[PDB]
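[1] A structural model of the following input is requested.
(4 chains)
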Amino acid sequence: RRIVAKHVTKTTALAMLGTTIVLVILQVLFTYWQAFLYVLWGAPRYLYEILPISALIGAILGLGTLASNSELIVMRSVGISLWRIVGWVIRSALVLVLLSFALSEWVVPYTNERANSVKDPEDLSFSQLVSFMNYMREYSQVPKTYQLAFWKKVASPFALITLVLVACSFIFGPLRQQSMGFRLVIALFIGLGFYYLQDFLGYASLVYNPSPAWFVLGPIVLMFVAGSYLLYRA
Amino acid sequence: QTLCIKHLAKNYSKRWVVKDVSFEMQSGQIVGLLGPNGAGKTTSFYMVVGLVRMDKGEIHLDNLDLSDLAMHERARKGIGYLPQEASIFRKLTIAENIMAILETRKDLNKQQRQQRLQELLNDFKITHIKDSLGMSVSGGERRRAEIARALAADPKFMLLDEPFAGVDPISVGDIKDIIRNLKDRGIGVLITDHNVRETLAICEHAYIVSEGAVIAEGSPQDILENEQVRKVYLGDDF
Amino acid sequence: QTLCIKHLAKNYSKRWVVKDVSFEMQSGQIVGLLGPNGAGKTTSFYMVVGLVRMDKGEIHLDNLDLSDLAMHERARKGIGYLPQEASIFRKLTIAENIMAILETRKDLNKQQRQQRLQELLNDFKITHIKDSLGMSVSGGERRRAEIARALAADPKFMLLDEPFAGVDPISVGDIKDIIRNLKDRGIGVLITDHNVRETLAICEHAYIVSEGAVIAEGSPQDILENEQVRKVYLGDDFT
Amino acid sequence: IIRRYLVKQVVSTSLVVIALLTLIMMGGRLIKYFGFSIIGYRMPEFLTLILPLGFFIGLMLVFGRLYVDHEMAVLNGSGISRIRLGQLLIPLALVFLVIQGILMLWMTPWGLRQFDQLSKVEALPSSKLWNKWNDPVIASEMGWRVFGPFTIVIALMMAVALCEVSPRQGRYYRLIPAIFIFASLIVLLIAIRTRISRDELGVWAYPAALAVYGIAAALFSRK
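    Residues are numbered from 1 along each chain as shown, chains lettered A, B, ... in the order given. Dropping the coordinates below:
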């Protein structure tokens, strides 16, 4: 099957990219000649932090258009499983994951230098972070604020895919037959709920004994399990 | 092939909308699942398709239990569904809609897929709109493309949901000709509809479900001369 | 009283859905506004009610222009609306549903408002279920409460939208008596419905709206014998 | 009966939205603070903003529900317009204006006074700020407390204007477009409080900001 796969992937990809363009423009305006270049040079760093939430809203609106048009019912009516339709949406999200890697490795560490010239462990790129941690560990102890930053980056692609799967499971589950406005409202509550949960559990990893991996990979594993359960209920 | 369905049951808000609905359907035969609105004809229809999870019941298709299977696992066994609402792929052309489901077939190669697509377009007379987007076709033309798309998966039992919904009396003959064509192709058709005047005109064996249970069974002639159906559903004059 | 509609028109997405639709309905007369689905019979009905803004034409009620008046301003002139979908106040008592509109009336005081509500409940045989919520009633009983509520506003013309929608053949006759009772009350009834077979059984004057324009007019017997309707709407075999 | 029907619906769904926004607006700040008495003393500060936002959202959810499930077609079709329905909620909006007037004038300073000691013109008593209008800093704060509560009235006639929605569009279709129109008023009023504090705009711009939004909402509701 290829024609069905392209239709589901392209519709979601255009919704993930369409939401990305809007969310970056709003965040550029909200953050906002010398002060325009400082914000314009910061767009790749604003882009990197929107990808987890633009993929959630993109899959909600991308599949919501398919669901409200009764297009997801006739894909099941011919023998296309729920996990296959999710796999096609993940292909759209895999473009954002690859874009997240490109920004993190080669774009964000460069425009950050340019942005600072015009005018933290989180801001360090993965290439810089791992190299710096390996340097400190060879001669001293790496602080817990660098371990959390390392785990918040290695689990960034896995938080984009898991949050997409939760969005897909909501379309097939609780948010089925609902209005387009209600799906968008719920997609905004999950986005804020995830940003707050990952912020709070990030701070809690710097105050409690267990490694930050438990706190960073905690919600991602639980949302994946809970999201995959809503898909099992069909 | 026989689609044995036994003792269906489903509750909503702790109220059993469907209570022991059981009927049998055979391939190449039109069976109308009729009844009063809200009495369980729609809910019992959806539990055959798979949209509504079965609280109690057994669905068999030639001693093969489909009770535990999901919507898609039943569709791969030969059960089709035609939604009442517009379900065409809006951004895909009419020819791409049929070709989209033809690639799902495993026993068809690229050579015969195009041949099968060509005759499916000719069967339903949608060749002239094969290049037009699914969002820009007439309601009568779109519905022919939805049935042609469903037949691309080669179903053994096509469950039609509200086929005569918003259909003018001029075009009710076109839908009947289509449904009769499905029967002549060896596909059993299950019809649920609020329009009971015309559903009792093509179906060979109708099931009237009232108060959540099957209250009558037999040919449309026997259904009309049924005291319980006349008292509850059809009325004294019909 | 004579509701006069002249030269209705409405274009959607640069496509003229309605083109020169004009019909006349008198008080105490049932008029059925029928036609092919999507041919402009639904849109032309809505411009009469006031849901969709007019784009050309005029509406008169005894040389009293209603084209510029909004939906609520026509309702005070005696034009009612009954939505096809469930429009009862879900969390209001059925007795309060009729009462909520009775308090709108200015020519009724508290003494005769309870009397009007009591006789409205008795006229529709819902006085036994008058203490239950709007959302906890049968489909047949709910519609009887929506018509009793509509009569509380004391309309002169009632514009019914799909009265025979989702109605079993047992309960079609019940609606026929209701619509016949509305005519016997001196209230003109305008009916738009896809179920043309049953709509033609109560209306004394039917209008067939095809390709955006009125192509037929007269009694249902004249509509059936019309060769233009039987070619586009009713078909060769229809009774 | 039709006024009590709407007031019961609006109050019920405004308290849900207010409790939903309090959990979100101050859940984010509580997590940042973590990075229970502080939350108690900042209740009047956040509820000063949530109450106009909860009333506005709660107004559109009720008026959206009437449109979606066809209870507005039978209210307009009975002679009761949408503007008339918004005028039936003036007694309710007056209660919310009085309620927020208590927050803005008394508990917002009192809550900020105890928080400041536990942790400024934002916490000075209203008695000490009734006079001394000459100083722009006090002029901005006192004007923020006097003309601030009148956003409830603006949230009433602007939610009536921006609530018309089609049954197929949905109950939540016009939420995000119109919450930003309401939020543009508050963001403008916070942007006015700062301009007055720098003696650049004058205290007269508080009613002017409300009047422009009041007239625009009244004209849009009568189109």
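[2] enumerate the residues of chain B near chain A.
    B:49-51, B:53, B:70-73, B:75-76, B:80-83, B:85-87, B:89-92, B:96, B:99-101, B:103-104, B:146, B:149-150, B:152-153 (Cβ under 8 Å from any Cβ of the partner chain). (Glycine included, C-beta is placed from N, CA and C.)
[3] again, but for chain D
    Within chain D, the positions near chain A by Cβ under 8 Å from any Cβ are D:24, D:27-28, D:31-32, D:34-35, D:169-176.
[4] still on that earlier bit, filter the residues of chain B next to chain A to the buried ones?
    The neighbour count (16 or more other Cβ atoms under 10 Å in any protein chain shown) marks B:49-51, B:70-72, B:75, B:80-83, B:87, B:89-92, B:96, B:99-101, B:103-104, B:146, B:149-150, B:152-153 as buried among those.
[5] please identify which helix or strand holds residue A:73.
    Element membership of residue A:73, judged by DSSP states H and E, is helix A:71-76.
[6] wait, does the longest helix seen in chain A make contact with chain B?
    Ranked by number of residues, the top helix in chain A under DSSP state H is helix A:3-31. Yes: against chain B, helix A:3-31 shows contacts by Cβ under 8 Å from any Cβ at A:3-4, A:7, A:11.
[7] residues of that helix that come out buried?
    In helix A:3-31, counting by 16+ other Cβ under 10 Å, buried: A:3-9, A:11-13, A:15-17, A:19-20, A:23-24, A:27-28.
[8] check stretch A:63-83 too.
    A:63-82.
[9] stretch D:34-54 too?
    D:41-54.
[10] in helices, which of those residues fall?
    Counting by DSSP H, the buried residues of stretch D:34-54 place D:41, D:43-54 in helices.
[11] of the residues you listed, list those near chain B.
    Checking these against chain B by Cβ under 8 Å from any Cβ, not one of them is in range.
[12] of those residues, closest to chain C?
    Chain C lies nearest to residue D:54 out of those, by Cβ to the nearest Cβ, at 20.5 Å.
[13] look up the closest residue to the closest one, ignoring the ones flanking it.
    Distance criterion Cβ to Cβ, 6 or more residues apart in numbering or on different chains; nearest residue to residue D:54, sequence neighbours excluded, is residue D:18 at 3.6 Å.
[14] wait, the one you found touches residue D:51, no?
    Yes: in this structure residue D:18 lies within contact range of residue D:51 using Cβ atoms under 8 Å: 6.5 Å.
[15] tell me the SS of residue B:179?
    helix (DSSP: H, G, I helix; E, B strand; the rest coil).
[16] doesn't residue B:199 make contact with it?
    No: using Cβ under 8 Å, residue B:179 is not in contact with residue B:199, being 9.7 Å away.
[17] what do the two both touch?
    Common neighbours of residue B:179 and residue B:199 (criterion: Cβ atoms under 8 Å, 6 or more residues apart in numbering or on different chains): residue B:191.
[18] doesn't residue B:6 belong to a strand?
    Yes: checked against three-state DSSP, residue B:6 lies within a strand.
[19] that older thread, in strands, which of the buried ones among the residues of chain B next to chain A appear?
    B:80-82 (DSSP state E).
[20] out of these, which comes closest to residue D:137?
    Using Cβ to Cβ, residue B:81 comes nearest to residue D:137 of those, at 69.1 Å.
[21] quick check: beta-bridge partners of that closest one?
    As for beta bridges, residue B:81 partners with residue B:159 under DSSP bridges.
[22] sorry, back to before: please spell out the PyMOL selection for the buried subset of the residues of chain D next to chain A.
    Applied in PyMOL, the following selects the buried portion of the residues of chain D next to chain A according to 16+ other Cβ under 10 Å:
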select buried, chain D and resi 27+31+169+170+171+172+173+174+175
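[23] for residue A:133, see how far away the residue sitting furthest away from the middle of chain A is.
    Centroid-distance maximum for chain A: residue A:139 at 34.9 Å, with Cα atoms, centre = their mean. Per Cβ to Cβ, to the nearest Å, residue A:139 is found 12 Å from residue A:133.
[24] do the same with residue A:190
    32 Å.
[25] again with residue B:11
    Taking Cβ to Cβ, one finds residue B:11 at 57 Å from residue A:133.
[26] kindly report the same for residue A:31.
    30 Å.
[27] could I have the CA atoms of stretch D:68-80 written out in CSV?
    Written as CSV, here are the backbone C-alpha positions of stretch D:68-80 (Å, rounded to 0.1, in the frame of the first residue of the first chain):
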residue,chain,number,x,y,z
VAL,D,68,-24.9,24.3,18.9
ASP,D,69,-28.0,22.4,20.2
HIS,D,70,-30.5,24.8,18.6
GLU,D,71,-31.7,26.4,21.8
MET,D,72,-30.9,29.8,20.3
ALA,D,73,-33.0,29.2,17.2
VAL,D,74,-36.1,28.8,19.4
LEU,D,75,-35.1,31.8,21.5
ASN,D,76,-34.6,34.1,18.5
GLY,D,77,-37.7,32.4,16.9
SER,D,78,-39.7,33.3,20.0
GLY,D,79,-38.9,37.0,20.0
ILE,D,80,-35.8,37.0,22.3
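[28] is it anywhere near chain C?
    Yes: legend: contact between stretch D:68-80 and chain C by Cβ under 8 Å from any Cβ is shown at D:69-71, D:73-74, D:76-80.
[29] inside helices: which ones of these?
    Mapping those onto helices (DSSP H) picks out D:73-74, D:76.
[30] okay, these in a markdown table with neighbour count next?
    A markdown table is the format used below for those (neighbours: other Cβ atoms under 10 Å in any protein chain shown):
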| residue | neighbour count |
| --- | --- |
| D:73 | 22 |
| D:74 | 25 |
| D:76 | 25 |
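[31] any chance of those residues in CSV, plus distance to chain B?
    Below are these laid out as CSV (distance: Cβ to the nearest Cβ, whole Å):
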residue, distance to chain B
D:73, 21
D:74, 22
D:76, 26
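[32] ramachandran coordinates for residue D:165?
    Main-chain dihedrals, residue D:165, degrees, to the nearest 10: phi -140, psi 140.
[33] sorry, slip of the keys, the one I care about is residue A:176.
    The phi/psi pair for residue A:176 (degrees, to the nearest 10) is phi -80, psi 140.
[34] and for it, the neighbour number?
    When neighbours are counted by other Cβ atoms under 10 Å in any protein chain shown, residue A:176 registers 16.
[35] nearest residue to the middle of the chain?
    This is for chain A. Short answer for chain A (Cα atoms, centre = their mean): residue A:52, at 1.7 Å.
[36] to clarify, I was referring to chain D.
    Chain D, centroid-nearest residue using Cα atoms, centre = their mean: residue D:52 at 1.5 Å.
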